[PDB]
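Reading through the structure tokens given below for one structure.
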Amino acid sequence: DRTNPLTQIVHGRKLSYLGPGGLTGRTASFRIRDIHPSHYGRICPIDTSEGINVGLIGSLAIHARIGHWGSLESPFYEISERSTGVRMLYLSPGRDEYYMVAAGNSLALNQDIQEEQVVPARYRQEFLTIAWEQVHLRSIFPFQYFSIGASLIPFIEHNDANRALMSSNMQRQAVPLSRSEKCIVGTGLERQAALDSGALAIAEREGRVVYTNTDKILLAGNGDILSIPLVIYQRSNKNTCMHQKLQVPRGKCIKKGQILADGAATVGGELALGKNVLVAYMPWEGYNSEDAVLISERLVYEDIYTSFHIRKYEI
Amino acid sequence: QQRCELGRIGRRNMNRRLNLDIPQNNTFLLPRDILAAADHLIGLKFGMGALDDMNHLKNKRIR
Amino acid sequence: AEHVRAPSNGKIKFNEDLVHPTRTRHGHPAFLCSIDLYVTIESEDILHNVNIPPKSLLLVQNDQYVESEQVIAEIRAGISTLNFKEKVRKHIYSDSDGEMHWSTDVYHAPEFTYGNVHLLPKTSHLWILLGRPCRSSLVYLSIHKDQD
Amino acid sequence: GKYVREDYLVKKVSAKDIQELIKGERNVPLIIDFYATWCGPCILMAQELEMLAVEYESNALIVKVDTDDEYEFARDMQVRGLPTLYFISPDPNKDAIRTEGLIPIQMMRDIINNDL
Amino acid sequence: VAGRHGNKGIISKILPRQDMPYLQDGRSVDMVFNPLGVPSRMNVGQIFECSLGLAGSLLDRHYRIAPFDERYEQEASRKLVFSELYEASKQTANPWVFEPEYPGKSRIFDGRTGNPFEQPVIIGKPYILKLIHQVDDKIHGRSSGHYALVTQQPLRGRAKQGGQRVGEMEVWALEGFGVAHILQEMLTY
Amino acid sequence: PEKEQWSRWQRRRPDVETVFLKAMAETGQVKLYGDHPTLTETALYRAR
Amino acid sequence: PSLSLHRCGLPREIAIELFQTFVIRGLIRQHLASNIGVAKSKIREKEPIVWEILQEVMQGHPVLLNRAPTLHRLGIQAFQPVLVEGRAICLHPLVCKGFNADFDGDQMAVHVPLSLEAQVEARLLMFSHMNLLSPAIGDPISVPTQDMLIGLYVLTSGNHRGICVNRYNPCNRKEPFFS
Amino acid sequence: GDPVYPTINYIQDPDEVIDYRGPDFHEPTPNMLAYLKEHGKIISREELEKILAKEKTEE
Amino acid sequence: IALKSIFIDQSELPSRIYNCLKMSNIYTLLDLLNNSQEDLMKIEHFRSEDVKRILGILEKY
Amino acid sequence: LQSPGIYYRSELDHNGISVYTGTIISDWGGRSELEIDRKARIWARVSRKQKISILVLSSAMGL
Amino acid sequence: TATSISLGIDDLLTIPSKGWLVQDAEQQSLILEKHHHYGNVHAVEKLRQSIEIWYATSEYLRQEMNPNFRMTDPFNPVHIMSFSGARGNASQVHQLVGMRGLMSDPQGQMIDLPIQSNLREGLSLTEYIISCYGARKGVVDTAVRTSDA
Amino acid sequence: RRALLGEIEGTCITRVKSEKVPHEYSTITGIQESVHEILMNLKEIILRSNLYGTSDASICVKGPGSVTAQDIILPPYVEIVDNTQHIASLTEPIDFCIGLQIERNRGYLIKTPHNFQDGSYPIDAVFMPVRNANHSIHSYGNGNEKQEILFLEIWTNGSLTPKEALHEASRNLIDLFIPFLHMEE
Amino acid sequence: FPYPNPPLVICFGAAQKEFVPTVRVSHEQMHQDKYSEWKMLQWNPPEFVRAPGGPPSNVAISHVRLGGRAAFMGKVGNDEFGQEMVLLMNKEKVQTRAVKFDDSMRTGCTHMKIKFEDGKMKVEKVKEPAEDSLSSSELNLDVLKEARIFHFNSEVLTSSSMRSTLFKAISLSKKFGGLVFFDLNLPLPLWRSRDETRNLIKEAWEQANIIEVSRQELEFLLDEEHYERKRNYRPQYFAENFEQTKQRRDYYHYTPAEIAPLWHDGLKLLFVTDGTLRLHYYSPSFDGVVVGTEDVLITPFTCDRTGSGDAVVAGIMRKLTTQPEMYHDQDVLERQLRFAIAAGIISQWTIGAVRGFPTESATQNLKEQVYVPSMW
DNA sequence: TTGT
DNA sequence: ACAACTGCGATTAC
RNA sequence: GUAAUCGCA
Ligand SMILES: [Mg+2]
Ligand SMILES: [Zn+2]
């Protein structure tokens with residue numbers, strides 16, 4: 001799915017129960033489709049497929065990895081005192097059960113030693129409150145329990161969990177516009193999202209940009225010249241235009257990994273699937289009944305939400 | 001052959017639940033494994049056991 | 001199960017001879033009430049009287065000071081047979097390694113012919129003497145012995 | 001390294017390597033950087049040194065020395081703190097310039113162009 | 001159109017800028033949304049976003065915030081939003097951006113009449129996306145063009161220029177209303 | 001408890017009502033019982 | 001929001017395809033088109049008289065709207081199509097409850113009764129003004145729901161009566177009189 | 001009052017090009033073909049041509 | 001306009017008038033320049049001769 | 001996909017004690033079940049018939 | 001349109017006694033945990049006490065929500081939307097201005113960790129993960145309900 | 001406010017004719033911007049004119065450099081305001097020749113004739129000179145006679161000064177309100 | 001006539017952007033080239049670099065940000081770097097009337113000569129302006145008169161042209177009634193041997209009223225191997241206290257007898273910081289320890305401790321200039337040191353010492369949030 | 001699968 | 001052996 | 001014309 005750069009990355013993270021040798025939609029029991037405490041940090045608890053296959057198609061956590069034994073593994077910090085005194089271990093699902101994993105902070109003092117403070121923790125697939133002396137592990141990573149779709153929602157704590165799935169599904173539908181603008185408020189994951197989307201020109205060699213053109217970019221390094229071909233008004237699988245624009249000017253040095261050009265729905269190296277417009281929350285003469293929006297003509301005559309769509313016909 | 005065609009993963013899991021010292025390499029349904037299975041089964045009747053959750057990730061593999 | 005709350009901050013005054021001592025389901029001590037009683041919340045300017053005759057739990061004591069909107073008593077009048085009553089079981093998991101100990105009120109014979117299950121005739125405590133359990137082979141037992 | 005280019009262009013040399021480089025003859029300016037994995041400021045200094053090495057492909061030599069591996073050598077070089085840069089000139093009569101703390105990349109460029 | 005917080009809507013009217021409500025600055029709002037969705041679908045982060053966005057636009061800043069900022073303290077998001085709005089109000093002297101009486105809310109006027117509204121409204125600049133589903137793709141209409149070889153019913157699909165289907169749940173409604181001739185015409189000719 | 005425990009609710013939540021009550025307590029517009037507005041006074045101000 | 005219970009907004013690009021035969025007959029009757037082919041070519045050319053004839057055609061014709069989740073009997077109703085300049089079918093707000101419709105992406109179908117008996121049935125039985133009570137318990141199904149209810153509540157809420165309207169007791173001491 | 005967590009962490013320049021060589025980004029993604037060639041997993045056409053020519057000359 | 005970057009600390013001033021300008025929320029030359037002689041005189045502990053001293057030091061530049 | 005191994009589920013009968021069963025899962029997908037009735041009754045559910053003798057299976061294995 | 005009702009952050013008014021109630025509840029919970037470590041009470045008593053006290057606190061908060069709005073801020077936009085009948089319910093507004101209470105984990109077993117924060121203050125990571133259980137149950141319930149209906 | 005926004009008219013470029021481009025979604029050698037980017041840049045060219053009708057302009061630049069609004073040759077009636085707006089950038093010695101049609105209208109114009117004479121591309125134009133407007137009414141404190149003070153803030157785009165915009169809005173309002181004082185038809 | 005109400009202080013030393021003087025040998029090492037894995041060491045930092053301190057300018061910046069007035073005394077060249085640092089200090093409302101400009105030298109660069117002979121033995125041909133301040137004509141006397149606290153680090157002791165200037169400034173400050181704050185912040189050469197560092201810093205130690213030293217520095221000056229063997233002691237058969245049974249991290253409180261060799265008559269307060277986790281205070285009358293905490297893990301990605309110690313010193317100086325009963329009363333001393341602890345805790349969450357410096361409101365908020373109402 |  | 005929401009739209013594969 | 005897969009409300 002190449003409707004937008006986000007779809008290309010979120011498509012490859014799907015884990016499916018239904019398939020050859022797996023539970024069919026009808027076959028799947030209710031139990032199969034609910035979160036199990038084991039899914040913490042390894043699977044997304046708010047990304048599913050809406051329909052008859054609800055709870056059967058899910059995404060994969062941001063920090064997860066697949067293990068030697070075929071098991072998804074998650075990164076847990078070890079607060080236990082040792083020689084190194086710090087570790088990041090990808091504990092497997094069965095191993096983390098026999099550990100006191102506390103996700104809370106330590107900013108509490110009650111005239112006693114700090115290790116005597118209490119904190120919610122997880123043990124044997126349960127929740128309980130224990131002292132800081134007895135907690136073996138700690139989950140520090142903020143994006144550990146979510147996926148790319150949910151993590152792009154700012155202030156997700158103040159939103160209901162039910163609407164999170166709707167927002168994740170609707171972020172997938174965005175159309176790349178003729179012009180792109182970054183978001184004033186963001187979660188900070190748009191950078192790596194645009195980096196790993198694949199619609200960005202990243203240099204594979206250090207050097208200087210000797211020649212700049214719309215069709216190609218010439219990068220001269222270590223006595224060798226490399227040519228990078230750009231994309232000019234191509235067509236995706238979902239009838240959405242793909243285009244790239246140069247970001248670096250002529251005569252600047254670029255390392256192996258930096259951004260040479262900006263693809264569609266990406267500006268300054270960050271994912272940009274929309275625009276920033278002034279909004280007021282009030283009823284206006286019924287035009288807002290149910291859900292409906294009243295918009296001004298400025299969005300029309302200034303090309304704020306203009307988009308290009310390309311459809312192919314072949315005989 | 002298909003019932004005894006336990007994978008390497010299968011061997012490991014069998015060893016975990018039923019304490020066995022069978023080497024990882026011998027990925028076959030040995031009769032000791034069956035014997036042990038029977039032992040645990042009878043032990044479950046007297047309370048010395050724990051049933052297994054089939055929705056646990058540790059009980060699932062990713063292809 | 002309505003919960004009676006203190007109308008204002010003040011002392012509680014009632015006659016403890018009418019109420020019978022009991023133990024609440026939360027492990028707390030309380031006074032069982034079976035007859036219409038009058039309790040007085042003695043505040044700076046006013047006195048309040050609130051209580052309900054039927055079987056209720058009094059979670060306070062005479063002369064005790066209580067703050068406003070605290071749970072003084074639990075009416076617990078709602079009581080009936082539950083057709084959906086389920087004998088749910090919960091397990092207690094040890095939080096430290098060691099050995100088991102019981103002094104009294106525990107049967108010395110297993111409930112079944114085979115197994116470690118033991119039954120308790122009366123209430124008692126189970127003591128886990130802290131320690132580190134190791135695995136000892138036949139070879140190690142020859143050199144590793146008691147009090148080494 | 002023919003098919004895939006190396007990500008980092010600054011090499012970690014030892015103390016004997018630095019002694020041999022200073023003792024020998026050089027045709028390009030030399031830049032010595034003392035770092036430690038632990039110091040926070042050094043994380044930035046390394047990025048600026050990478051940018052400088054990219055800007056100066058073969059007109060200057062940039063090397064880095066880990067203070068944890070060579071502590072006595074760093075102490076003998078009169079190195080007070082970690083974000084320290086040693087600028088060695090090519091001609092061996094001129095005096096070396098030692099800079100301490102985070103300095104702008106333009107300052108490094110001007111030093112290499114004029115002082116060295 | 002949609003927002004990142006689960007807010008979705010369909011455009012219903014394109015009013016000119018002169019009819020749009022304007023702030024005390026003098027600028028007409030680009031979109032107007034229904035304020036009754038917040039208690040219904042329980043989306044409170046949208047308010048925060050709008051406000052922070054107004055603040056940023058004025059101060060020329062972009063905010064990349066990791067989720068669950070309330071691990072530091074209580075009402076961390078509220079403190080951040082109100083602090084940034086105050087600063088914007090002080091630096092660009094637009095007193096309206098932060099109202100001490102009702103933080104985050106301002107009093108706007110009507111573009112048509114020019115009279116102020118009674119209660120203050122939320123003014124912000126959220127991130128709105130345009131979704132793939134579009135009206136042009138969904139428009140369809142058939143008169144009498146093509147039929148299936150065996151069934152001889154009209155064809156299916158918008159690209160194939162086919163009509164709409166009258167299912168069993170609609171025949172039931174037609175029979176409950178009592179329109180026998182309409183059902184007969186639809187089922188035969 | 002003999003020693004005072006720690007809680008996230010130990011502090012008083014800031015509000016517009018408390019700030020306005022502090023602002024109008026000066027200049028003699030209103031009078032409050034003490035130097036810091038209490039929750040009952042904040043509710044009364046929210047009302048009036 | 002400015003339509004009546006009997007009127008519904010209908011786009012022109014849909015109406016021209018639905019009522020195409022009627023506008024062909026109109027072009028043939030008036031001295032605007034000689035044959036069916038010339039009339040079809042003129043309709044394809046989007047001539048201005050074609051829209052006038054289309055408006056004159058459907059002034060008394062009923063349109064049958066319906067929804068995909070037709071659970072109750074109010075899923076299919078009848079309205080008077082009004083020509084609009086757009087691609088979105090306008091609907092009266094008070095009639096939304098019946099269709100369980102929200103403007104979040106929902107779509108609807110349109111049906112044109114050809115026979116005179118079908119037209120009479122649609123105009124008499126299936127109209128909205130004749131169906132204002134749900135067939136479950138006979139309760140009003142078309143009532144102010146979200147914004148009109150808020151407006152009515154603001155209108156009839158009242159006024160600050162006690163301590164809110166006055167700071168001191170009026171004992172120590174409404175005004176306007178309208179005929 | 002002022003937030004405990006510094007706001008300067010959230011603040012970001014609007015017209016800023018994100019440097020993917022920072023401390024918060026992972027290592028650059030290696031091209032699959034070049035990565036397989038450098039480790040010897042996939043040989044070049046020249047090596048296969050030379051091997052086939054040697055096998056033909058031997059026969 | 002480089003007057004913004006020219007703080008009063010760089011210009012050599014007596015300690016008394018320096019503290020007076022610091023208390024009067026004057027940190028840059030531009031600010032002083034915006035301020036008028038009468039206004040400057042208003043600041044506490046600021047003598048008329050001081051207005052002369054700051055004017056002379058400014059005219060020196 | 002579910003990992004191969006031994007699973008030990010239980011199921012309560014309509015009248016009497018709860019039935020305990022152990023299933024062994026293979027890579028191909030074999031199901032060598034084992035069940036226990038109110039008595040010892042260590043019966044495999046491999047055969048479609050009422051039951052099967054675990055002792056007979058062990059003797060065939062080589063015991 | 002003339003009045004232009006709107007909802008803001010400061011417009012979500014909590015009852016003026018949430019802090020005291022939550023503080024005494026967590027104090028009693030800590031005392032009971034300490035005495036459970038001593039051996040005065042067993043596990044089932046602690047479970048019952050925690051569940052009952054947090055459910056009672058949530059119910060009292062929801063009960064006192066409406067009188068607070070009626071007496072203190074009668075013209076509150078959230079209160080207007082709830083009382084008029086346009087959109088919202090007492091349970092839904094309790095999630096916004098009160099507390100989410102004790103969510104139930106799958107298989108009908110209580111989580112035992114209370115959600116002491118509403119959507120205005122902001123839930124924690126654990127509380128959000130717990131509410132994910134309710135969201136999944138809701139969506140699967142919606143699907144099965146549509147099919148069965 | 002309603003007069004300044006929507007009742008004031010201006011002049012903008014409405015049609016652009018390119019020499020040897022296949023379509024408006026392609027790139028021409030020697031220019032950093034595509035045809036669409038050049039059209040978008042020409043769309044934001046502010047002009048000043050006081051007469052109605054269509055006029056013709058052209059752009060004839062050559063050699064490597066940057067073509068701006070100064071290269072545009074205009075009829076004597078039309079003039080340029082900014083004179084330094086960026087039309088396009090040439091990175092090679094090329095001859096850049098383009099034709100422009102200048103029209104004066106009001107409001108916004110939809111580019112309806114997409115299918116038209118080949119080689120000419122129509123660009124939608126917004127003829128609104130006033131960007132934003134605002135007003136505030138402060139009291140005068142005159143006791144019984146409740147007099148007030150009016151303030152007006154006008155933001156134009158250079159085509160006309162704010163005072164000229166105010167006078168034109170006043171004259172347009174008077175022209176709109178005059179017909180009611182004529183004899184009945 | 002009277003000085004401004006906030007008491008002014010003086011920070012004396014070298015102005016450096018992000019200098020880290022405290023360098024030792026770390027046992028744990030990360031990847032040499034990948035600087036994206038070096039944040040794992042900020043998380044569990046080496047003992048000596050748990051709460052590092054930097055240039056004196058950072059102390060003045062933090063002091064001004066935490067509320068108060070401060071001035072920097074030093075010399076910087078007329079180059080772009082010196083003017084950049086001066087502008088940075090002025091934008092944050094730090095006084096520079098005691099900062100001198102010399103066109104003859106350039107700030108930050110020290111000319112040296114390799115002179116390889118059996119070893120790489122360098123020598124200083126010229127010195128930087130940051131390390132070259134003349135005692136005679138480069139000391140402003142008015143700032144010394146107004147100053148109540150005089151702050152400087154041992155970095156000035158390394159040079160041979162700034163020791164006399166520091167001694168003259170100390171004498172002039174004591175002449176008008178000011179106090180001397182001495183933060184060791186030992187540089188790399190000062191960690192060779194305890195005897196040489198003790199003999200070199202004895203002169204500045206004698207004339208210092210307030211001295212703040214790290215735990216590692218205090219142990220290094222007091223037979224570090226003894227305390228290293230002490231912390232590793234484990235009871236063989238049975239413990240004698242509850243702390244030994246639970247095996248928590250060691251937080252040793254040094255008895256005044258152990259600190260007696262380092263105690264002089266003119267010493268009022270001695271602070272032994274344990275890296276924003278414990279804080280020890282010593283006075284002629286009373287001795288104690290203030291409990292603290294560290295939560296760098298809460299924000300894993302930034303995690304920079306570069307400016308913690310400077311913020312702690314700034315908060316200590318602020319509370320000493322504001323609260324005059326800290327010397328006499330112990331509980332007030334602890335309640336005020338909690339402020340500096342909270343300041344350090346806030347300062348560890350942001351990369352950049354000058355960038356992530358706490359304000360007074362944020363520090364008070366964190367102090368109230370972390371500590372119970374009785375303690376604050 | 002789930003139950004009929 | 002039998003059945004388990006209603007329809008719509010898009011793609012690729014035969 | 002049938003499948004597979006996703007989406008829609
Ligand atoms: Mg809908
Ligand atoms: Zn938040």
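Every chain is numbered from 1, with letters handed out A, B, ... down the list of sequences. Note: hydrogens, waters and symmetry copies are ignored here, and every other heavy atom, side chains too, is used.
Remark: A:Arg235 fails to qualify as a cation-pi partner of L:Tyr25 under the 6.0 Å distance and 45° angle criteria applied to the six-membered ring.
Salt-bridge formation is not detected for the pair K:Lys137/K:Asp141: no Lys NZ or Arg NE/NH1/NH2 atom is positioned less than 4.0 Å from an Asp or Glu carboxylate oxygen. Using a 4.0 Å cut-off between a side-chain N of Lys or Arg and a carboxylate O of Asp or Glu, E:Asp136 and G:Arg87 qualify as a salt bridge. Looking at J:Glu11 and J:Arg9, no side-chain N of the basic residue comes within less than 4.0 Å of a carboxylate O on the acidic one, giving no salt bridge.
When the P atom is compared between O:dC5 and P:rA4, the two are found 16 Å apart, to the nearest whole Å. For P:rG7 and O:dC2, the P atoms lie 32 Å apart once the distance is rounded to whole Å.
Atom NZ of E:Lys138 has more than 12 neighbouring heavy atoms from other residues, nucleotides or ligands inside a 6.0 Å radius. More than 12 heavy atoms of other residues, nucleotides or ligands shown are found within 6.0 angstrom of CG on B:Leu51.
Contacts of A:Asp196 classified as salt bridge (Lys or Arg N to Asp or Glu O under 4.0 Å), with partners at least two apart in sequence or in another chain: none.
The side chain of E:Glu168 approaches O:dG7 more closely than any other nucleotide in the set O:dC5, O:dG7, P:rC8. Closest to the E:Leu149 side chain, of the nucleotides P:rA9, O:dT6, P:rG1, is P:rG1. Across P:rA9, P:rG1, P:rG7, the shortest atom-to-atom separation from the side chain of A:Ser49 is found for P:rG7. Distances were taken from every side-chain heavy atom of A:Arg26 (C-beta onward) to each of O:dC5, P:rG1, P:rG7; the shortest belongs to O:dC5. Nearest to the side chain of A:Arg172, among P:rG7, P:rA9, O:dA4, sits P:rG7.
Put simply, CG on A:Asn237 is 16 Å from P on P:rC6, counting in whole angstrom units. For E:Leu155 and P:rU2, the CG to P distance is 11 Å, given to the nearest whole Å. Straight-line distance from the NE2 atom of A:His11 to the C1' atom of O:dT11: 12 Å, rounded to whole Å. Look at NZ on E:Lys8: it is 7 Å from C1' on P:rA9, rounded to the nearest Å. The distance from atom CG of G:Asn66 to atom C1' of O:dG7 is 11 Å, rounded to the nearest whole Å. The CD1 atom of A:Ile52 sits 17 Å away from the P atom of P:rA9 (whole-angstrom rounding). Rounded to an integer number of Å, the gap from CG of A:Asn53 to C1' of P:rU5 is 11 Å. Protein atom CD of A:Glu50 is 18 Å distant from nucleotide atom P of O:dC5, rounded to whole Å.
Between A:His243 and A:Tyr233, the ring-plane angle classifies as tilted under the 30° and 60° cut-offs.
K:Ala143 comes within 4.0 angstrom of nothing in the nucleic acid, heavy atoms only.
Residue K:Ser147 has a polar side-chain atom (N or O) positioned under 4.0 Å from OP1 or OP2 of O:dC5.
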Could you list, one pair per line, each protein nitrogen or oxygen that sits under 3.5 Å from a nitrogen or oxygen of nucleotides 8-10 of chain O, together with the distance?
| residue | atom | partner | partner atom | Å |
| --- | --- | --- | --- | --- |
| O:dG9 | OP1 | E:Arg158 | N | 3.1 |

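When each of E:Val150 and G:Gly105 is assigned the nucleotide of RNA chain P with its nearest heavy atom, E:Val150 is the one assigned upstream, toward the 5' end.
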